[PDB]
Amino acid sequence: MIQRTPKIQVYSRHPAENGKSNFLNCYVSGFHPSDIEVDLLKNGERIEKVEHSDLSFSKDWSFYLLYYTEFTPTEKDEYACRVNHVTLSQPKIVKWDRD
C-alpha cells in the first residue's frame, strides 16, 4: 500500500499582467492513492467554474491532475489552490505567486 502526498504548483498559463485575460492553473502531481479534491480560491473563496484534466500518472505510477479556470488578474486579487488528500490532516493551501 503506497501513500504519497501531492506536490502542488499554482501558476498562470501566460505571465500575469493586470487586466489581461489568462488561465489560472493548479497542477497536483506525485500522489497516491488517486482520490483528491482541489479548489481554486479567489480572495479566500472558492472559484465556481473549475475544470480538470482526466486522471493520468507518471513513470513511478504516481498520479497527476491539472485544475484550471479562466481569470483576469488584477493588482489586489489574491488566488490560491486548496487541496485535500488522505495524506493531509488538513486541506493544504498554496498561494499563487506571479513569479
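Don't overthink the numbering: it's just position in the shown sequence, from 1.
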Avg C-alpha B-factor, entry values, 58-66 vs 34-42, higher side is 34-42
Going by the entry, of stretches 81-89 and 14-22 the one with greater average Cα B-factor is 81-89
Binned into thirds over the chain's modelled residues, the C-alpha B-factor of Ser53 lands in the highest
For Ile8, the third of its chain by CA B-factor is the lowest
